[PDB]
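Working notes, beginning with the structure itself.
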Amino acid sequence: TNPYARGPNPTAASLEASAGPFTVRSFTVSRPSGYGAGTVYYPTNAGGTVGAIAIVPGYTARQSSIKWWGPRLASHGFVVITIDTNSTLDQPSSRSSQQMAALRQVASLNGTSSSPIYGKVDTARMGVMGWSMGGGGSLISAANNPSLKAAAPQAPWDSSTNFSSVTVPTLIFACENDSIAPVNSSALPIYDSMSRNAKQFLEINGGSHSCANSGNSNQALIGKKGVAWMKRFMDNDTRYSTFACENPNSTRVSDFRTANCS
Ligand SMILES: [Cl-]
């Protein structure tokens with residue numbers, strides 16, 4: 001019945017592991033269009049077309065800070081593009097237009113017969129992630145493009161916290177002890193402003209600003225949650241409803257909140 005379903009039935013163990021069931025390859029985008037540089041990750045054998053997720057780093061940062069998501073998400077059946085921005089000093093709106101430019105270019109490559117992702121993408125099924133200003137950028141993309149199927153920003157930064165217009169299912173990773181984008185004035189008012197969506201707030205206990213980046217010590221839970229959220233909302237895959245909406249009931253989590261998520 002569900003045509004966007006990919007992969008075998010999830011367990012806690014299969015989502016806590018570093019790799020999911022599909023084989024991953026990557027390539028560097030040859031002529032990046034509307035953004036500085038891109039790396040694309042893709043499953044060779046997903047058994048059908050999959051959605052595309054475009055991930056953006058923070059101010060002064062690079063792909064390295066958010067790369068781990070590439071292998072992790074692609075292995076469970078997604079096309080992931082991680083980007084560098086035109087300038088290290090771009091603010092969240094510019095990060096947004098470049099995030100959407102990356103999705104636009106993944107859609108183009110899906111149509112190009114010489115491209116390693118020829119025919120692998122469902123260009124009607126995309127989502128957005130990013131760290132800090134790239135997180136703020138992810139929220140701006142979702143507000144501007146309600147056709148996105150999912151957002152999952154981490155440690156988000158935006159001097160405007162009102163996202164009340166967002167209808168896209170949104171998972172916010174927060175970092176308890178963030179002193180760059182403190183939760184009390186960033187993540188939390190952002191979460192709290194959204195009244196029209198499936199949403200979730202998941203605060204990493206004793207986490208600093210970088211608590212969700214490559215090399216974090218909570219990859220099991222952060223990665224499980226990130227994959228379950230994209231599987232639930234980008235694939236409509238109700239096999240993942242429990243993993244996506246449940247409280248982890250974990251001492252690794254200092255604050256949990258969810259709404260409109262069964
Ligand atoms: Cl930032």
Query raised in the report: For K231, which of the numbered conditions (1) more than 15 Å from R6 (Cβ to Cβ); (2) basic (K, R); (3) assigned to a helix (DSSP H, G or I) fails to hold?
Result: (1)
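If we scan the range 197-216, do we find a residue that is surrounded by fewer than 18 Cβ atoms within 10 Å (Cβ to Cβ), assigned to a helix (DSSP H, G or I) and touching a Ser or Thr at 6+ places or on another chain (Cβ under 9 Å)?
no
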Query raised in the report: (1) more than 16 Å from the ligand (Cβ to nearest atom); (2) surrounded by 23 or more Cβ atoms within 10 Å (Cβ to Cβ); (3) closer than 20 Å to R196 by Cβ; (4) not β-branched (V, I, T): which one isn't true of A74, the others all being true?
Result: (3)
Query raised in the report: Inside the range 15-60, can you point out the residues that are away from the ligand (no atom under 16 Å from the Cβ), in a strand (DSSP E or B) and either of a type in the set (D, E, K, R) or crowded, with 20+ Cβ neighbours inside 10 Å (or both)?
Result: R25, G38, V40, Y41, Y42, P43, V50, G51, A52, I53, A54
**Report entry** Qualifying residue in the range 109-117 (condition: surrounded by fewer than 19 Cβ atoms within 10 Å (Cβ to Cβ) and not polar (S, T, N, Q))
**Finding:** yes
Requested in this report: Can you give me the number of residues within the range 122-139 that are surrounded by fewer than 24 Cβ atoms within 10 Å (Cβ to Cβ) and either part of a loop (DSSP other than H, G, I, E, B) or of a type outside the set (S, T, N, Q) (or both)?
Outcome: 3
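As a convention, Cβ positions derive from the backbone with ideal geometry for all residues, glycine included, and neighbour counts pool all protein chains shown. Each value in this text was obtained by applying a stated rule to the coordinates, not by laboratory testing.
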